[PDB]
Structure formats: C-alpha cells, structure tokens
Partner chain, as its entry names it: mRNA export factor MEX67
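Let's start with one chain on its own, the form deposited without the partner chain, as structure tokens.
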C-alpha cells in the first residue's frame, strides 16, 4: 500500500496515453501523424521488451520495439480503458517493480480512425485486458521508465 501510493496515478497516466484523442492545432493545416503516434505509450523505453497478445515485438535494424508498438497501436480505433484492479511489488536489488493490472477496454465503432478519417465516438462492447509491466522505481517521472510490457486481451467480444 505504502510504496504503491504512486502506483494508481501512474497506471492511469499510462492508460490515458493509449486512449489519447487526436487534436489538430489550428496553426497546423495538415495532420501530424508522427507527433500523435509518438505520445502513445510514451512511458515505454525505446528498448523495452513488448509482447502483444502473446506475440513479442522483435527489434529491427530500422525500428525499435517502442516505435513498432506505436505504429501497431495507432491502427486501432480510439480506445477507452477503465482500470479495475492492480498489484505491484518491488523486486529486491533491481531498482524495478513488477506491476500486474486488469482493465476493461472498448473501442470506437464509428468507422473513424484515430486521426478522425473515414474512407462523436460510439463505444463498442467491453474487452478484458491483463497487463504486466516491469518499471523503473521512480514512477512519478513521466519519462521512459517501462522496461517491459505484456499486453493481452483476456476476453474478446464476438461482435
């Protein structure tokens, strides 16, 4: 409870970064995909170990794992996560803690992508999600602190 007093706000910030709504400044006449996409999961380290639905992201000569994740996540419809439970522990001697959390997430069914393009979000059915993070100790930092992320749907609706 005591060392995990900074834990809940950190998790909410991490999830907000996945749920980020794209807003184009009126000073910019064109969409800036890079400036939006690089904010998704921004607490990830460039060289973090990332696994999505059992499939590890493998670093390539041109794109590190964080970048590949951001490009993957960018292709989802807008999301809305609700944190429902968590637990965390420091791993003695490592300067890291492990955190497991569960959430529900739903996605925009409007047909628009995250830049608002086709071809008011309308939320679909709840998915279940489990996430395991290994994160540097100083979690009220907002920089690159996540060493590993395992993100997994534990329930996927048929519809």
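Residues that one form lacks are left out of the comparison. Numbering follows the first chain given and starts at 1. By rigid core we mean the largest C-alpha set that fits within 1.5 Å across both forms.
One more form of this protein, deposited with the partner chain bound, exists but is not displayed; see below.
Among residues of the shown chain, residue 74 is not one whose heavy atoms approach the partner chain to within 4.5 Å in the entry with it bound.
Contact between residue 91 and the partner chain in the entry with it bound is found at the 4.5 Å heavy atom cutoff. At the 4.5 Å threshold, heavy atoms of residue 51 reach the partner chain in the entry with it bound.
Within this chain, residue 115 is remote from the site of the partner chain in the entry with it bound, having no heavy atom within 4.5 Å. For the residues 109, 47, 102, 42, the 4.5 Å heavy atom test against the partner chain in the entry with it bound is passed only by 102. Interface residue among 124, 121, 128, 31 relative to the partner chain in the entry with it bound, by the heavy atom within 4.5 Å criterion: 128.
Each of 2, 134 and 156 is positioned with at least one heavy atom within 4.5 Å of the partner chain in the entry with it bound.
For residues common to both forms, superposing the rigid core between this form and the one not shown reveals a single consecutive run of 3 or more with all Cα shifts of 2 angstroms or more, at 27-30.
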